[PDB]
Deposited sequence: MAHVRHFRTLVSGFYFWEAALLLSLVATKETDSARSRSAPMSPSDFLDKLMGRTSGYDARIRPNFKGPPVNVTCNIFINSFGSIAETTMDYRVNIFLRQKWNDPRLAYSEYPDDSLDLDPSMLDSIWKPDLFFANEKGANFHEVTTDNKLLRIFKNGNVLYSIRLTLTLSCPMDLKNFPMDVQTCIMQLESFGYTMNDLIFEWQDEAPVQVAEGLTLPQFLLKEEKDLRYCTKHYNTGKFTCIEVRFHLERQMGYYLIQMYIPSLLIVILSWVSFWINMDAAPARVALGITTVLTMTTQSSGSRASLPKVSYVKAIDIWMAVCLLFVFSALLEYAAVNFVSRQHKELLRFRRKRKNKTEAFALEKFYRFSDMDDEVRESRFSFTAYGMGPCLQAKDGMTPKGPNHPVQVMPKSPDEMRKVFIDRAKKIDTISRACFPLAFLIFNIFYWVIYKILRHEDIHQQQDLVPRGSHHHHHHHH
């Protein structure tokens, strides 16, 4: 009746329970059903290609040696300090770079035991998980982060992991990300590792994150468009003001180069072309073409009177031709980069 003697009667030397033996030795494999609650989600860094998460991991399995029939209550929520005295699955995260438990006050490790021997085991973890990021279409990209739960020491004939049938991944209410939107749907997949040591169980969960475009509109696109429009001002300046137009061209080209360099400041040094790179390259080509247009005008207007009329015609043609070509480029760029974004994330 007392609780103290029941605790060590269930598991102990008198009971003969061995925590080094899985519940069904030399029998069917242990079936562990897992679910995850995401308390926080952030620190998504493209430079290191990883993200930090904080979760409650819940594992449920069955231990026949832990079945009791004395206490009337079906479930026993006991003290989370006898985890060392019972068998537990050897779960680990395959793509984890860094993981830690939480020891604030009492370690966060809930354990409930049912009448039939069902064990529920909940533990709070902080993980840093690697995420290979495809940075093509970078300002308008969608990334897929994965989380793999794998057995390290037991093969498929001893330990099998399964996702819970209902709500395997829950997210804390009000969880928002400053840079990304987390899609409501989450993919559950069956990884299965094959090493030279054998076959090991694995379960995978995939989160989809869409980058928000407002910051890049404020920071990169609008300043570059302003530089292009500023370079167009040269066409309305008197053709005899050589220092003015030449300085306009120089400053616009150099500023465009600086902005192109700065657009990849917080990104890994990937060796393919991104969407922002295409935008910056076209803007640089536009400002360079404006400077070359003035160079042609200056060269033509001193060939001595059709040489003056020809330069005036070049300026008047450019005044309308540059914005029209830029508008056509903008239409094509935005249409094709909002059409690629209609490709299925899967």
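Enquirer: Identify which parts of the deposited sequence carry no C-alpha coordinates, going from the N-terminal end onward.
Expert: According to the deposited record, C-alpha coordinates are absent for 1-40, 345-418, 461-478, which together make up the missing parts.
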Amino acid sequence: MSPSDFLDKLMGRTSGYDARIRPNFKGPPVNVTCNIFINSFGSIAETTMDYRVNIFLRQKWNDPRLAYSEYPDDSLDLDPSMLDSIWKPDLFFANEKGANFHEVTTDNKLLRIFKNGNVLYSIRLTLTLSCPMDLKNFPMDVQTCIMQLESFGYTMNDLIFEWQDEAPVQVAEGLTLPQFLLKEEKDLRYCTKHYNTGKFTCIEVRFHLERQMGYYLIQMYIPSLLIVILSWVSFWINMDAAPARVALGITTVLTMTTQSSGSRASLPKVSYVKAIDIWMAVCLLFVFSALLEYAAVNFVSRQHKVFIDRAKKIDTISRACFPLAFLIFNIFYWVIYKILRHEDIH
From here on, numbers count along this sequence of modelled residues.
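Superpose the two forms; the largest set of C-alphas matching within 1.5 Å is the rigid core.
Enquirer: Stretch 165-173 versus stretch 210-218: after rigid core alignment, which one is farther off in C-alpha RMS in 8 other deposited structures of this protein?
Expert: Most displaced of the pair in 8 other deposited structures of this protein: 210-218.
Enquirer: Between 101-109 and 263-271, which one strays more from this form in 8 other deposited structures of this protein if you match the rigid core and compare Cα atoms?
Expert: Between 101-109 and 263-271, the one lying farther away in 8 other deposited structures of this protein is 263-271.
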